[PDB]
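S.K.: Could you have a look at this structure, given as structure tokens, before my questions?
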Amino acid sequence: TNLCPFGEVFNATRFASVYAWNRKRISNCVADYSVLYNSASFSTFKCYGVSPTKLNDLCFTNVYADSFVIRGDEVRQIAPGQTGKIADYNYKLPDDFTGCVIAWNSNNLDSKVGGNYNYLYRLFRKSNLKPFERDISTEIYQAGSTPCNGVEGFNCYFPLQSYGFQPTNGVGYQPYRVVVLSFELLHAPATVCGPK
Amino acid sequence: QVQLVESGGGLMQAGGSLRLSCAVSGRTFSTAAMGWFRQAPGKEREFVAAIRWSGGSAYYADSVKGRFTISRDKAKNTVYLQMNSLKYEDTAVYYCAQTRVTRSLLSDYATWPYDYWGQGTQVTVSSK
Amino acid sequence: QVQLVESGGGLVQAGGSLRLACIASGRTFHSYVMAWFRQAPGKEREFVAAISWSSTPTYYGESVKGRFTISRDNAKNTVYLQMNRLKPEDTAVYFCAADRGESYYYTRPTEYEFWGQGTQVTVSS
Ligand SMILES: *[C@@H]1O[C@H](CO)[C@@H](O)[C@H](O)[C@H]1NC(C)=O
């Protein structure tokens, strides 16, 4: 009878950097997606595996709500089968992903006057992330022939970099808040159900 | 908000040593990198040295390289500038600076606008 | 980088019928939601229809509900648009569109990564 705490996720006052993205396990609750359906101002709302028209008719063993901030231009990367700094080094969906991706422009919240430089992304990595892998390491990245020994310099780089969210920025350089709902189905009791 | 207080400037003979401190206060969990800049009277400000707060890696301008050591104490919230083999060119007002901004290329910190500045401490290198 | 190519456009009598086709390059058509949009003279791109992966939800614009039928054949990497009982308001360029994802906002052109150049349909009286 108690609704799933989608509010806690979507309406959170603070959001995670994409490199250190956040997870909320959602279980043992009714999922009324009408809280999402009645928002006309999400910039994207796409489901993979299920039609979004069926969400209220469906049950899952759990739902995971991954949330973070990226630039406008990078929101197309939060989809199965994408590549780029975000898909490759920050947050990776599986090719057979079942769930929904929702994003909205957050310039109103995530840009201050001096510019907001708190949100980071990973710029360099030895290899691409597996799906739902998460790396929060700050190992100096060895780009060249020669080793680094945790000291920075030529071909030895800090792996993270601030987004600069200035309120003057173009759409593609404005912050977007993203929530990824992963619908998990196991040989187990369905603990997350629509209101039928 | 952070406040920066330089100390340890003053008079020294060319070929001698001085140690500048800068104490960071306010929202100190926000420090990404620190810098020292100098500005001789009537000449434009110049980058001296930068240190990444996490990791502690240093970038230096070519004019001070091998003479100056930037270093910091995360615990005591303080960045140091060890000035050895002082020269006439060194004479200037020294400013420490803080940015909350993470740049992958440590060299960026030479040219990148910092967020907060000290009032400065005067250094003066005697004609022996 | 799917490419889409529309066809079947041309001249047709009011009341007449016409089937547009769109073929997608690539070997993953099964995983693409296919849509048709159109642009009539002096108007924006307007949503016409869309089909989910299974075909199992289809969508239609208000103006075309009843008259137009969208369908897909995965074997031929083709989406179809059967247009029946055609009106002059149907005169427009028909654009085929595709995305991996099925949008709640299925009428938004921004919710589709991939777009054909369009086939011209003209309805006379
Ligand atoms: C977040 O709060 C808004 C009102 O500010 C409300 O309309 C919306 O339903 C809430 N979102 C969720 C997912 O609970």
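Along the chain as shown, the residues are counted starting at 1.
The way this entry was determined, per its header, is X-ray crystallography, 2.6 Å.
Using N, Cα and C of the backbone, Cβ positions are placed for all residues, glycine too.
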S.K.: According to Swiss-Prot, which candidate among A:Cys47, A:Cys59, A:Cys148 shares a disulfide with A:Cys100?
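M.R.: Among A:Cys47, A:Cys59, A:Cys148, the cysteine that Swiss-Prot links to A:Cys100 by a disulfide bond is A:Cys47.
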S.K.: Measuring Cα to Cα, how many Å separate A:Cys29 (disulfide bond) from A:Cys100 (disulfide bond)?
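M.R.: Distance (Cα to Cα, whole Å): 18 Å.
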S.K.: How many helix, strand and coil residues does the region 'Immunodominant HLA epitope recognized by the CD8+' (A:116-124) contain under DSSP?
M.R.: 0 helix, 4 strand, 5 coil
S.K.: Just to be sure I understand the contacts, which recorded positions have a Cβ under 6 angstroms from any atom of ligand 1? Candidates are A:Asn11, A:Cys29, A:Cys47, A:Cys59, A:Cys148, A:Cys193.
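M.R.: Correct list: A:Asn11.
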S.K.: Would you kindly give the Cα-Cα distance separating A:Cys193 (disulfide bond) and A:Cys100 (disulfide bond), rounded to the nearest Å?
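M.R.: So the Cα of A:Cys193 (disulfide bond) lies 16 Å away from that of A:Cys100 (disulfide bond).
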S.K.: Take the recorded positions A:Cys4, A:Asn11, A:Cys29, A:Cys47, A:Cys156 and keep those with a Cβ under 8 Å from any chain C Cβ; what remains?
M.R.: A:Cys47
S.K.: Give the distance between the Cα atoms of A:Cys47 (disulfide bond) and A:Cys193 (disulfide bond), rounded to the nearest whole Å.
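M.R.: With the alpha carbons as reference points, the distance is 17 Å.
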S.K.: Between the disulfide-bonded residues A:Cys29, A:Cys47, A:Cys59, A:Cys148, A:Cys156, whose Cβ has more other Cβ atoms within 10 Å than any of the rest?
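M.R.: Output for this query is A:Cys47.
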